[PDB]
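below is the sequence, then the experimental coordinates.
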Amino acid sequence: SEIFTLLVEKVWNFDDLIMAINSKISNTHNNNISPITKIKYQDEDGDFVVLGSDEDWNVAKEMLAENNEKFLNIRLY
């Protein structure tokens with residue numbers, strides 16, 4: 001349910017994206033290790049798709065770059 005909004009600066013190698021997610025989410029010292037590893041991502045604030053292996057993210061980065069879109073949303077459920 002919880003929605004998160006993030007924009008992929010300098011094309012993250014996923015780890016950068018995860019770390020950025022945690023940087024935003026509870027920067028203090030809560031679940032700032034891994035976002036439940038159930039990260040789900042949305043693009044152009046319109047479509048929702050979920051990743052885990054460094055492959056779906058490859059599709060997303062290419063999508064963002066090719067589409068020109070950069071808005072990304074992250075769902076935890």
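Everything's here; your move. Numbering: from 1, shown residues only.

make it CA atoms for all contacts and neighbour counts henceforth
OK.

show me where the protein has strands.
2-7, 40-43, 47-50, 71-76 (DSSP state E).

who touches the second one?
Residues from elsewhere that reach strand 40-43 (C-alpha atoms under 8 Å, 6 or more residues apart in numbering): 48-51, 64, 69-76.

what is the nearest of those residues to residue 32?
Relative to residue 32, the closest of the contacts of strand 40-43 is residue 76; by C-alpha to C-alpha it sits at 13.8 Å.

so that closest one sits right up against residue 49, yeah?
No: Residue 76 lies out of contact with residue 49 (C-alpha atoms under 8 Å); the separation is 11.8 Å.

state the number of residues packed around the closest residue in space to residue 40 that isn't next to it in sequence.
With C-alpha to C-alpha, 6 or more residues apart in numbering as the criterion, residue 40 has its nearest non-adjacent residue at 4.0 Å, and that residue is residue 50. Neighbour count for residue 50, taken as other C-alpha atoms under 10 Å: 15.

all helices for the chain, in order.
Taking DSSP state H as the criterion, the chain carries its helices at 15-24, 56-67.

and the angle from the shortest one to helix 56-67?
Comparing the axes of helix 15-24 and helix 56-67 via axes from the mean of the first three to the mean of the last three C-alpha atoms, to 10 degrees yields an angle of 90 degrees.

what sits up against helix 15-24?
Identification of contacts with helix 15-24 by C-alpha under 8 Å, 6+ apart yields 6, 8, 31, 32, 33, 34, 35.

same check on the longest one?
Residues outside helix 56-67 that contact it (C-alpha under 8 Å, 6+ apart): 11, 14, 43, 50, 51, 69, 70.

circling back: list the contacts for the residue nearest to residue 40?
Contacts for residue 50 (C-alpha under 8 Å, 6+ apart) come out as 38, 39, 40, 41, 56.

partner residues bridging the third one?
On the basis of DSSP bridges, residue 40 is bridged to residue 50, residue 75.
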